[PDB]
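Only one chain is included here, represented as structure tokens and corresponding to the form solved without this ligand.
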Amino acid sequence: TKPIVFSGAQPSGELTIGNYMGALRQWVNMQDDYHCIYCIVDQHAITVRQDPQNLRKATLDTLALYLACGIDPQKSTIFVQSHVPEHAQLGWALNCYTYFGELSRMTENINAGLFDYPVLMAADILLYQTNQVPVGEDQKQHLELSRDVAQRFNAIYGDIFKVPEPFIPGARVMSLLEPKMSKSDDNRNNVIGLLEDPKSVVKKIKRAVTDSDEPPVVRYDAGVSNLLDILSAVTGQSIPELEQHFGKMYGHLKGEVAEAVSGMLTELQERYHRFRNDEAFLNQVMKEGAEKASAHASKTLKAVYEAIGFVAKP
């Protein structure tokens, strides 16, 4: 049994080139070393009012994109959250072991889902005996609540849950017009999406901030440096060996980058469309993932219900 890694994927989330070359490209190559779990959290998504048609479409978009990146439905467990009842069941039970004050510290006319979703996050992770969690900086507090709830529950009932640990990377990709590239960027021009057409990549790379050194030379030190990090990650080349290739101006660099990133995204995107348009295949993937997820999750939930004192479902 390998270490279990759990990651949540927002249905509306837009994966950037930073998300891919930095983290997800490595995670794909390590699916034989870890039991990786990817949960498309549509129950977390409806804490914000959602257009139903866009929610359904975005869930399928996200599934197809992760499959396009190489997530293997048989090696890993990839599923839609609402297809696995155990998430809501454990979410309710852990409400009774979470303090109202803890949720208040997470930050009226908000809905109860926004207030309570940190408990559902804890259930998402603890269901699968998760060992490690890749947490963004924005999610640090949520992960520490999951640890505190797991320890509190185990102190009462015994070692039912594993106490999850945050996990660390690692290609560095910086925001183009402000050299870290983030999927949360309020400025779209700072990032390149995985579903970005070649023309828009060319336009964002050409417009990337750079330093007006005279004469313009290619050297790692913040604009020019970003393009060296991005190009090196795509081509697997050393930064200095790249500088050997560039006498050329910053326009040579920006052109070279844009061509490489678009070459890599094109291979990802054709896989994306082949999976995305095959709705029957996606239904099979969600069925396999949900059934595998529930089999694993029910082992933990039934031990939780046993310890709480519920009559076991006959």
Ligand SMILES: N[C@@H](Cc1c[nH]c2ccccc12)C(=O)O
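Numbering starts at 1 and follows the sequence shown.
Counting the deposited residues that fall between residue 27 and residue 28 and carry no coordinates gives zero. Going from residue 107 to residue 108, you skip over 10 or more residues of the deposited sequence that the entry leaves unmodelled. Higher average CA B factor: 187-195, of the stretches 187-195 and 113-121. Checked against the record, the higher mean CA B factor of 267-275 and 60-68 lies with 267-275. Note on 179, 101, 91, 85: the highest value goes to 179, judged by CA B factor as recorded.
Ranking 73, 164, 223, 134 by the C-alpha B-factor listed in the PDB entry places 223 at the top.
Placement of the Cα temperature factor of residue 33 within the chain: middle third of the modelled residues, per the deposited record. Ranked against the other modelled residues of its chain, the C-alpha B-factor of residue 218 as given in the entry falls in the highest third. When the modelled residues of the chain are ordered by C-alpha B-factor, residue 39 sits in the lowest third. Among all modelled residues in this chain, the alpha-carbon of residue 306 has a temperature factor (C-alpha) in the middle third. Looking at the C-alpha B-factors along this chain, the one for residue 81 belongs to the lowest third.
Quick note: we don't show the form solved in complex with this ligand, though the next part is all about it.
The partner is not drawn, yet in the deposited bound form one stretch among 225-233, 202-210, 93-101, 132-140 has residues with heavy atoms inside 4.5 Å of this ligand: 132-140. Comment: this ligand is not present in this chain, but in the deposited bound form one of 261, 36, 65, 41 has a heavy atom within 4.5 Å of it, namely 41. Only one of 149, 80, 192, 121 lies close to this ligand in the deposited bound form, with a heavy atom inside 4.5 Å, and it is 121.
The shortest heavy atom separation between residue 125 and this ligand in the deposited bound form is within 4.5 Å.
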